[PDB]
C-alpha cells in the first residue's frame with residue numbers, strides 16, 4: 001500500500017460576513033498545522049472494576065506559515081481578531097477524490113470559530129513567521145469541497161530555445 | 001462499662017465502651033477506617049494491693 005504524505009493537506013479561510021461576495025481563499029506559504037480532539041474520561045471505581053463516563057469534545061487548533069510581501073489577507077485576519085468576528089475554516093485533503101456524484105471534489109471538513117492568538121517574532125537572520133490559534137464552536141461537519149485550478153498546482157518552467165525573444 | 005487492656009501497657013486498666021465509627025467506602029475489599037471509644041472515668045488504674 002502506500003504511505004500518505006503530509007504535503008497534501010491544506011487550509012482555507014473566509015470571514016463569515018463576506019459569504020455572499022467572495023469564495024474562500026488560500027493562505028500562501030504554509031508549513032504545518034495541528035488538529036487534535038479529545039474527551040475527558042471520568043472514572044468511577046466499583047467492586048467489578050473501573051467504569052468510564054465520557055464528556056463533550058474539546059478542539060485544539062493551530063497553524064503556522066511564512067508572511068509574504070503584498071498579501072492583503074493577513075490584514076483581514078488582523079481586523080477579524082480586533083473586532084472579534086466569526087471565521088470559517090476548511091481542511092481539505094488532496095489525496096482523496098469523490099466517485100459518483102462528486103467527480104471534481106475532495107474530502108474536507110468545515111469549522112467556524114474566533115481568533116485567539118496572533119504572534120510573530122522577527123529576528124536578524126531568518127524569514128518572518130506567523131502563528132495563529134483558534135477557538136471553535138460546536139462540532140465540525142463532514143462533506144466534499146471544491147478546489148480551483150490555480151490553488152491545486154505548482155508552477156514551473158518548460159523548454160526554451162537559444163534565439164532572441166521577439 | 002467494660003475493661004480494656006493494651007499490650008504496650010501490661011500493668012494498667014481502662015474503663016470505657018464503644019461510641020461511634022467512621023464511614024467506609026463500598027468500592028473495595030480492603031478497608032482502612034477507625035472507631036472511637038469513650039472513657040468517662042479518666043484515670044488509669046494498676047494492680048490491687050491489700051495491706
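FYI, it's all coordinate maths here, none of it is from the lab. Please note: Cβ atoms are built from the backbone with ideal geometry, for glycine as well, and neighbour counts cover all protein chains shown.
Figures for the structure shown
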read-out: Over segment A:74-166, volume per residue of the alpha carbon convex hull, in Å³; value: 234 Å³
read-out: Using alpha-carbon coordinates, inclination of helix A:73-83 to the longest axis of chain A, degrees; value: 40 degrees
read-out: Shielding by partners, peptide A:44-53 (average Cβ within 10 angstrom, other chains); value: 1
read-out: Square roots of 5 times each gyration tensor eigenvalue, C-alpha, segment A:48-109, largest first, Å; value: 33, 25, 12
read-out: Mean separation of Cα contacts under 8 Å (6+ apart) over length of chain A, as relative contact order %; value: 21 percent
read-out: Separation of the residue A:23 and residue A:2 label points, Cα + 7 Å toward Cβ, nm; value: 2.7 nm
read-out: Solution diffusion estimate, µm²/s, Stokes-Einstein, chain A, Kirkwood Rh from C-alpha pairs, 10 °C, viscosity 1.306 mPa s; value: 82 µm²/s
read-out: Added length on full extension, which subtracts the Cα-Cα distance from 0.36 nm per residue, residue A:160 to residue A:148; value: 1.5 nm
read-out: Relative contact order [Cα under 8 Å, 6+ residues apart], chain B, whole percent; value: 36 percent
read-out: Mean-position separation - Cα centroids, segment A:17-44 and segment B:1-25, in angstrom; value: 67 Å
